């Protein structure tokens, strides 16, 4: 009646469900399911690098843990491996955008790579011009459909445009300060 779509994804994911239930209800919509790696930071990745990173993560999955955690204003270079349903909205990350996220599809070795590219990213508390890009990648048909590489990096000078939260997406500033909510680790395979 509120959770039918989420429930589909937690049929098999019991540990992940148990961990989310340990979080106060008001923060359950706010957390990412993020791998405990962490990835070394990187500039914008070549497409074959993206495909290799997701492929290696799919092969290593039984030895990689995840925590529910808040992501906020990550520095340029930040790369995360996340578990997320493609039919649910991305949780907040403190970034706002002056343009709509664009969805591209590439064929790589007979597989679909999704590229969700959000240019014109800004941090409204500290930026009056856009300075960032967020990309969300996933690789389909390799048994890793609901896992994503999320990458934050510096925008080009030419793409920088005036920023104003009043017309940005998402439309609401998140509430600060953030609570400490990071769960103990769990497995997803």
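Numbering follows the first chain given and starts at 1.
Unmodelled residues of the deposited sequence between neighbouring positions residue 12 and residue 13 number 1 to 3. Across the two stretches, 120-128 and 157-165, the PDB entry reports the greater mean Cα temperature factor for 157-165. In this entry, 97-105 shows the higher mean Cα temperature factor of the pair 97-105 and 78-86. The residue among 136, 56, 28, 34 whose C-alpha carries the highest B-factor in the deposited model is 28. Residue 142 sits in the highest third of its chain by CA B factor, as recorded in the PDB entry. Placement of the Cα temperature factor of residue 38 within the chain: lowest third of the modelled residues, per the deposited record. Remark: residue 22 belongs to the highest third of its chain, ranked by C-alpha B-factor as recorded. Split the chain's modelled residues into thirds by C-alpha temperature factor. Residue 173 is in the middle one.
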